[PDB]
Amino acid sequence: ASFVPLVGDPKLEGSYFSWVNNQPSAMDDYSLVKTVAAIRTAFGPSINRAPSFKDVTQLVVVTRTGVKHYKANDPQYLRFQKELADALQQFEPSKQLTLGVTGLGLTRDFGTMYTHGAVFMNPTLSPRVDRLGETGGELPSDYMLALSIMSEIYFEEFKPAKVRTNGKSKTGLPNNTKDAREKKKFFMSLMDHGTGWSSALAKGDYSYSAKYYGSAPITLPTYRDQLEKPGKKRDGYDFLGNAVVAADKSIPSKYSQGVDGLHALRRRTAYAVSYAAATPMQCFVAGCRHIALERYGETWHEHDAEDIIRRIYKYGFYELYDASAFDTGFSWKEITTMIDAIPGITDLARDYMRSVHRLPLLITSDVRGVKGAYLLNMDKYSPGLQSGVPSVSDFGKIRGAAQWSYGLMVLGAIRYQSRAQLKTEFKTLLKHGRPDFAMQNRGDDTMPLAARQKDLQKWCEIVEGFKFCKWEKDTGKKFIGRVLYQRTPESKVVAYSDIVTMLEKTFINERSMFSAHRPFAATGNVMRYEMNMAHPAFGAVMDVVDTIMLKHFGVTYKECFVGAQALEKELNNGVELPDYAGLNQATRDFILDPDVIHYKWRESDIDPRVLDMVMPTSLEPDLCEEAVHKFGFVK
């Protein structure tokens, strides 16, 4: 009972079907029918719909006479986008000085600006269960030791912390509501079950979850759109299991509106783990995250752009590396090694955290026009690092630093005689106590630091040769979203935000302006304008933008969004965000992208006034402390 047809009665590929049949069914017929009825009661349209295209409002023009919404598929907006993209081709990636790019702070041209804001590629590359978690090369014993020690350091101390859940997100199953009031009542009821709920999920007994809440905890694969360079080919798998070599990026005539030269959006696959399964794990994970990012903030955290540059000049030489398929090559052997290394949690907590990583998947269609869906009753499979797991940002920070700390063990700078001493020399490296080596890591983004340039080249040569992970030099020289700029070889190095990203998140956005995910779109575009005024490439790029903005809309960049601020405040029931002068940069970046707290800043770094308006639910530290004990996780 592993494969469950749901909508179009799809037929998987043989290599996939014969493998799924050999896998034992995750749920018995009692819980399966109870769950199938729940994924049909809810997700009615989402399960029976075809991909088609997107309905996104990209620009809202406020005039004395009227207000016009320009969508991504509007013909007048596509002619503006085509002309602005052509007018921005005069810019090219600038030269890189010893310690950063110079001249115009451009790490890439405005090429992605040809991406059609409403059309995504077909087929949207979908995950494949039997080919996930592949490491390729063997995992060394010294690396698995460093990975266990890095995880032990990260989850060494637990201090109950405030857990906020996005009010724009669903709860999945069993309970399915965006309501903030229902989300907390649903968690209080889960506390009353406590060990009975945790033991059922830790044993793969999804019948208990269906007895009291009507369904079983499943993970829903969601979509996250992205812009793409022209001529980029995407290879992957089909939602039936077939293999796609070159995902079609062409724009159909109904959507191109005659505007040639455009290509389609890349649609990445995300995961939406059940709120019932993720939240109890989040109540413990959040308690250790705010400690790890504070004790060892020299590696995994930051307070402002001036902390990165200061750590750079403390050692002298740096490089920038990105991990190729970091979440895809996340083997299950590495996950359990990190889970088993966590001190303070019971064996019930370890088995509970494993089941959250690999919940049964409800696969939906990606082929354009083909409406179909099925439920993979899979409990024991290598899932990689699903983006919905509460510990995705923390396991990424652990594995990334453990792979570079293993490179120093191969290099010989870190020689180990015991676990207790290796844990100590790792703590010193993380706190940047070593005078010769350090690093700044944020998952798949790592900047190794060294006092001698030849020491850094040897260290980077080692991690590139690793076969269990692909580390490649970042050609863009961006860390997080920070461009490293150096005016002249004599001037100091300054960090700037990429100006290409400003126009990306303004004219080719993922979600509509003033929508549920972007309630402060006008004010958010104003902050990007004022922030990037000091950017070296601000005068040249905005002279081009304002020229094309006036030619098609009769309003400049700042005029367009300052006038829309009056419309924004009215649409949000007079709710006025506090002026950015009183907010920190963490709150600033959280206003632009609400999904910043999940990858960059902490929940305690956001101002409480702004944090309450976006995140309605909030589990207090005393409620999390009661939960982690009631569920039976803490020893």
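So that there is no doubt, residue numbering starts at 1 and follows the sequence shown.
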Exercise. Where do the C-alpha atoms have the higher mean temperature factor in this entry, in 391-399 or in 92-100?
Worked result: 92-100
For this session: Between 302-310 and 346-354, point out the one with the higher average CA B-factor as the PDB entry records it.
Result: 302-310
Exercise. Based on the PDB record, which member of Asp340, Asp260, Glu156, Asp142 exhibits the highest Cα temperature factor?
Worked result: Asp260
For this session: For the C-alpha B-factor as written in the entry, point me to the maximum among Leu125, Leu408, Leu359, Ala146.
Result: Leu125
Exercise. What third of its chain's C-alpha B-factors does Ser274 belong to: lowest, middle or highest?
Worked result: lowest
Problem set entry | Relative C-alpha B-factor of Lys178, binned into the chain's lowest, middle or highest third | highest
Exercise. In terms of the chain's CA B-factor thirds, is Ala450 lowest, middle or highest?
Worked result: lowest
For this session: Give the position of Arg268 by CA B-factor within its chain, expressed as the lowest, middle or highest third.
Result: highest
Exercise. C-alpha B factor of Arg588, ranked within the chain: lowest, middle or highest third?
Worked result: highest
